[PDB]
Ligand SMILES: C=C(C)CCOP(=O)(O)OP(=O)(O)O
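Next up: a single chain in structure tokens, the form deposited without the named molecule.
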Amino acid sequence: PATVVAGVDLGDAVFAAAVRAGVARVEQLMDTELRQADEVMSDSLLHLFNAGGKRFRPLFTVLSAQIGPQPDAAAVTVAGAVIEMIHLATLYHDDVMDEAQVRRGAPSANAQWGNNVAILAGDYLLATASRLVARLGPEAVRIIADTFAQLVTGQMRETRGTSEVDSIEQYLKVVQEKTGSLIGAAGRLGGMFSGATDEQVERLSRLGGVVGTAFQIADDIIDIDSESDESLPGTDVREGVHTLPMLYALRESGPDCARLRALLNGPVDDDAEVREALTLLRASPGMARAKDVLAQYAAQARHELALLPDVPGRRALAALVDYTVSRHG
């Protein structure tokens, strides 16, 4: 609709084309950078890249930089590419870990080329992003390495808990680490290199981590009560991963919670069990307690973004937060 850029309606086509141009420049950079790789990477490298992505983080970086005097600064496009490359790397690695066959509506990188070619593809994304971020200076470099480290402890935290745990507190530490910090960094990078005041930078950075925690939580609710609008439904069920709505549903009481407690104990290979467990979780009070927490996070973000200056980028960010909790995929 030309007022929508990357799933988000921005109200105006003049403004949306400016943001679209910025998101388009983040993508030209990745397309340039990846395409320059040795012949032997090009299949796996562009696989997830060719097939569409939500483009959420390039948007968030671009929308954050709109809080600045030079939102179109070239260093913002660079920082916009670093963020999305790291995120792409983790999709290659996640899809091998979750043994996922399908990603972004296409064959997942590993279902196409096998686990090792997938792992390496992600590695090469990490190198490329490392090289890109060094262009932005010592502090940008420190930011992205702190964020990448904190991302991985999130992934490790999640894995440690599944192998043993069911702890809301720990889950909230996971989603903040494995998703929030990267968008936290993207907000901090777009504030920085668009020229926003130190305060706005901190405010945009705070905002990205909250938006990132929210976005992951909506992704875990979508995994349970969506039906093939995500990108395969109920993956958390099958992998025995216990996200927020399952965790609450297990703290529940009654015959339903009883069944779930035995179903969600470890992985599920039976298809007709996932259908039953998806029905149970979809109906549980646990799922509505988790929609609440989601809305609570949305409110922390809209509060954070309500103390940003009244500029079009503050409205645009507000629609992004709303999109983040209201979308269905």
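In this text, residue numbers run from 1 along the sequence as written.
Below: the form solved in complex with the named molecule, not depicted.
- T90 is the sole member of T90, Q176, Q150, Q200 with a non-hydrogen atom within 4.5 Å of the named molecule in the bound PDB entry.
- Screening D94, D72, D146, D256 for any heavy atom within 4.5 Å of the named molecule in the bound PDB entry leaves a single hit, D94.
- In the bound PDB entry, none of the heavy atoms of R157 sits within 4.5 Å of a heavy atom of the named molecule.
- Although the partner is absent here, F215 lies within 4.5 Å of the named molecule in the bound PDB entry, judged by heavy atoms.
- Within 4.5 Å of any heavy atom of the named molecule in the bound PDB entry lies no heavy atom of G286.
- Contact annotation for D166: none of its heavy atoms lies within 4.5 Å of the named molecule in the bound PDB entry.
- Comment: 96 to 104 is the region of 96 to 104, 201 to 209, 138 to 146, 124 to 132 lying near the named molecule in the bound PDB entry, near meaning a non-hydrogen atom within 4.5 Å.
- Shown here without its partner, the chain carries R25, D31 and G184, none of which come within 4.5 Å of the named molecule in the bound PDB entry through any heavy atom.
- Taking the named molecule as positioned in the bound PDB entry, the only residue of 289 to 328 that brings a heavy atom within 4.5 Å of it is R327.
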